[PDB]
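For reference, the structure is listed below as structure tokens.
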Amino acid sequence: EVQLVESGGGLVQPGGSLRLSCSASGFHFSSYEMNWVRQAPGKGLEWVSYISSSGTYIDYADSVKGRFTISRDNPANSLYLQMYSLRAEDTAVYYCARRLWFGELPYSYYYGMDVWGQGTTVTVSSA
Amino acid sequence: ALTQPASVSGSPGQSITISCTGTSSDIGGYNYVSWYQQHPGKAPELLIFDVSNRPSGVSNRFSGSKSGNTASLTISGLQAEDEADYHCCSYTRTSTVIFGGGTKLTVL
Amino acid sequence: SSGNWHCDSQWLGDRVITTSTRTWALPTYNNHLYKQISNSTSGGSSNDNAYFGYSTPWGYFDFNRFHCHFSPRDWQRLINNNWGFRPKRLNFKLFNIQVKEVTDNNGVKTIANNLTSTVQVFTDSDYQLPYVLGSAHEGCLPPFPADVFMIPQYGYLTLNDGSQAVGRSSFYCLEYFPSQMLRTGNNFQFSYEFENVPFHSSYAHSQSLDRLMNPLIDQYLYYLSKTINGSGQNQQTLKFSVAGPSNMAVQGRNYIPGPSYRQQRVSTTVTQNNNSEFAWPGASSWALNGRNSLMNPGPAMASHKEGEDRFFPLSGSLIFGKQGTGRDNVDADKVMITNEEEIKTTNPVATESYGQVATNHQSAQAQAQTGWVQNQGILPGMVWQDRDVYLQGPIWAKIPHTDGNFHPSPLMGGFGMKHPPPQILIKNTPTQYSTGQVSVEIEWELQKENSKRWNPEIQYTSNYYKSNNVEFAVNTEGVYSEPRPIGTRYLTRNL
Amino acid sequence: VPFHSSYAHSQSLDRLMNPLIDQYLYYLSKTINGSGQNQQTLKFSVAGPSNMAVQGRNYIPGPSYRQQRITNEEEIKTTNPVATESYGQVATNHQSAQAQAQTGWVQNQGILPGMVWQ
Amino acid sequence: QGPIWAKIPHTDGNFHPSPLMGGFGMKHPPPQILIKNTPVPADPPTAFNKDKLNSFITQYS
Amino acid sequence: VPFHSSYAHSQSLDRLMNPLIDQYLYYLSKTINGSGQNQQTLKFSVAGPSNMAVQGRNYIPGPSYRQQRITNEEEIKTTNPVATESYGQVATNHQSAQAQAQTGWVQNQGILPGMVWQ
């Protein structure tokens, strides 16, 4: 009954902007991290950014770094990725995913991503 | 990133193994790896987290190993369901994660 | 036989009986001698590391860590269902003593029973020797009963100026104290009664120190809201308002959080840390007789603010280590770092300032100026929690015998005692060694959980996911391991 | 009233350890791996006899109020701080990649738990 | 005008428990006394509905 | 030995349920929204007096060994299966998108925990 479903957006122009949003339902959203990863149509997964539950740590893999931001509203159970200065180097299915958590006390970390979003397709094309 | 083969094939019934090799910051030093099966147009599903640890939903036939500077997924008893693209994920030294090119498994 | 094998725990009402039986092997240390030891032999390149003292041939028994007395299960059982605990009685038996003598001709040695050898073992109940148990050293009985251990070598440190002694230094002869002598038909038992100690607090406060208020009512007290009416000259004015749920920062509170000594902040993501060698220069440290010394662990303080888990106070933690960990320059994930955050309600965070204070007096020509309070010691009206005790941590430490002290509870946590369990010294008789059994027993009194809380507690639990090995258990090769440091604060009380 | 303490301690507050044995506690030894750029790395090491400055201690030296630098109290220098010297240091900021760690001297100090003094 | 007693937060340690707002700090201060009007519903419906009853006679005591 | 029963049961085992109120249990109701391709869904409804056949019951009728279809036993049919009828059904397969659910009839049923019979 754990459901990550993101609306996001479709086709957009190069140099333009886009705002992807996600919706966490069925699990406590405020505890977990959340990740944005993208799969270009013919290529494997690539991790764009992650955001901590409290929002203290927001880190970007450097391809995008500087052109996107990430935000999460814990009372609204919604993760946001807003992006500017899009390139064709960014066209992918973007996933809303979260990392493993087991509900324990602090200083406990688990490496892997437990639940995944069904995805949203983003097409950045000039024509 | 993490280098793993383009594709792997096996005959039904027999166990086969995919590997993904990485630098000492990605894998050799840190014990972070994890494995995902994906089917076309489906969100990835986690198989193995940490090295050998496995989630409750995932089946028996999937195990994991780290021989050092390398990480490997061993699938046992291949079926038709097992056809999918297997991904390798490991948080790095700077705590930013990286993947690998994906590997398609073709059951003959 | 001179004694039986007892290991188990009995749960009766509020009492716990912890029975451990271990098997030890003691060699001969110092070739039957006393020896000066100092820094200069090992090279003594630091004035802070300068020491002088004596290593003695004897060994000693140390049970001062918890994992000795409590199986991981009975620890879990204790933590989930209890609000406090403390030791009552102590019962120690030495039996099945054996002494092996070594003969090596060229390559291969042959070890044969020597029946007439004696073992010298005494207990110092007047605390006449130097007492090294409260320092959290190695050599305690192994957590897992099947493992056999090498009894530590005793030693002590007396006063020094650099490596050289002074006339007020002392030399203690462990041969000077009357000691029962045991052969393979002898067994040594004594008992001990624990002095009055407070129950360890093993709960996390449900409410913080600043939220004690009722959210629905205003206070009758008043605070200063506004010092000017608006933009311009001569706006000086005095405005006041009720302290109420709207602004809770300002409500008058009976109690205030405890002491603080600020620790530097280290991140477990190495790229957020500064690119410099700040490990020694950066860390807090207290100085004594011209010798610098680190502040470790320090006053009991929350490890980090709520929601920030990659930060740990530089020197201010109890950092255990995983099974197999190297001795020197081990990577950060080879060690286990405890966090005290459960106290963060009552106690300030270790990496943050305790508050601010006002430096100057305002006038028309001066702005009200404030400054950061880095270290703030006890003020009347403070409340705080001590540091937690862990399955892997010390139990007690000896309160130094001094003019005075405040809050004798030891800063690594556990039960401070003026007359702790005495030291037990042992040796072979003056190439030979001994082996034997130990059975130690403590009786623990419990504080039962009274709560009326409606919704369920946090409990300690073993996580539900398939793994190669069961945790708190042997691997395939036989090596027992403890996966993580288990504190005791789980259930909850009101503040 | 308690008995007057007419004696000088054989040992010093910080030397109460057993000199032959390692602790099971680790301390933070090396924070930068090597000279260069992006070299931050966290290594630890076993607190023990080799470096005794860093051992974790159950008790600390008592309070201090600094003096400017004739009976003399130097017998109690074992458990008590020196009047003409600083109590210690405290970190004055959060370090980060941008800013180096800083410390300052504790000129006066109040009671904390675990202080013993003469 | 001011308070009489306070409750000491149950803790490992405190110093000079006297509450900073004055009066007598205590470990077992005088009990709390809690009181309410026992709810009497309005007229319930004529066939059973598992929902709790949200309509009540206005009352105060 | 037990007292022989010369009487007839007032009600059948399945008629024990109270007619007036709803259970708090739910049961699977619709497996598809509507007719067509890719309509799968799961809709859970309450077992209640409207449809009694689906309600949770605590007991089942006695064992049956089917005769082919004079003192007659029609008294006992409250708790006992009809001799000339099957005990019931069991599902024989795993459904999937590629296979329909199948079932078969029980010609002979042995004791199961929670049976009652005359």
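Quick reminder, even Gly has a Cβ in these numbers, built from the backbone with ideal geometry, and neighbours come from all protein chains shown. None of the figures in this text is laboratory data; all of them are computed from the coordinates on show.
Quick notes
- Contour minus Cα-Cα distance for C:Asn81 and C:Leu212 (0.36 nm per residue): 44.6 nm
- Taking other C-beta atoms within 10 Å as the exposure proxy, C:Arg291, F:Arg57 rank F:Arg57, C:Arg291 from fewest upward.
- Cα centroid separation - region C:438-487 against region F:50-95, whole Å: 51 Å
- Rounded, prolate or oblate (a/c below 1.5 giving rounded, otherwise prolate when a/b exceeds b/c) for region C:1-145 by Cα gyration tensor: oblate
- GNM result for chain A, Cα springs below 10 Å: residue of A:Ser71, A:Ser63, A:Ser53 fluctuating most strongly: A:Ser63
- Ordering C:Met150, D:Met52, D:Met17 from the fewest to the most neighbouring beta carbons within 10 Å gives C:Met150, D:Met52, D:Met17.
- Region D:33-73 residues near the modelled C:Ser45 label - backbone nitrogen below 14 Å, point 7 Å along Cα→Cβ: D:50-52
- Label point distance in nm, C:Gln447-A:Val5, each placed 7 Å from Cα along Cα→Cβ: 5.0 nm
- For chain C, calculated [θ]222 nm from helices alone, where every DSSP H run of n ≥ 4 adds -39500 (n - 2.57): -1000 deg cm²/dmol
- With K and R counted +1 and D and E -1, the other residues having a Cβ less than 11 Å from that of A:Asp114 yield a net charge of 0.
- Furthest towards positive pole of dipole, C:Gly162, C:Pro297, C:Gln219, structure part region C:155-307, Cβ charges: C:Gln219
- Left without a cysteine partner by the 4.7 Å Cβ rule in the protein assembly as shown: B:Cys89, C:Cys7, C:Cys68, C:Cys140, C:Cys173.
- Shielding by partners, peptide C:132-145 (average Cβ within 10 angstrom, other chains): 4
- Inter-centroid distance (Cα atoms) of region B:1-70 relative to region C:361-431, Å: 48 Å
- Contour excess over end-to-end distance, with Cα ends at A:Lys43 and A:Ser108 and 0.36 nm allotted per residue: 20.1 nm
- Relative contact order of region C:11-56, pairs being alpha-carbon contacts under 8 Å that are 6 or more residues apart, as %: 35 percent
- For D:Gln55, the shell of other residues with beta-carbons less than 12 Å away shows a net charge of -1, using +1 for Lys and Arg and -1 for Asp and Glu.
- Gaussian network model of chain B, springs between alpha carbon atoms under 10 Å - residue of B:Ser56, B:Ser15, B:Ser34 with greatest fluctuation: B:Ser56
- A straight line joining the Cα centroids of region C:262-302 and region C:83-158 runs 36 Å.
- Sequence-distant contacts, meaning Cα pairs under 8 Å at least 6 residues apart, place the relative contact order of region A:27-120 at 28 percent.
- For region C:209-282: rounded, prolate or oblate by the Cα gyration tensor [a/c cutoff 1.5]: oblate
- Extending 7 Å from the Cα toward the beta-carbon at both C:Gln236 and C:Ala473 defines two label points whose distance is 7.7 nm.
- Here the contact order of chain B, divided by its residue count and restricted to Cα pairs under 8 Å and six or more residues apart, works out to 38 percent.
- Among the listed pairs C:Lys322/D:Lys43; E:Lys50/F:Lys77; C:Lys35/C:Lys427, those with a Cα-Cα distance over 25 Å are E:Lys50/F:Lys77.
- By definition, a body whose alpha carbon gyration tensor gives a ≥ b ≥ c is oblate when a/c is 1.5 or more and a/b is not larger than b/c, and chain D fits this oblate description.
- Put in order of Cβ neighbour count within 10 Å, fewest first, the listed residues D:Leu16, F:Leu28 become F:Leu28, D:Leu16.
- Cβ-based net charge around D:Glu85, under 9 Å, with every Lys or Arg adding one and every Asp or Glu removing one: +2
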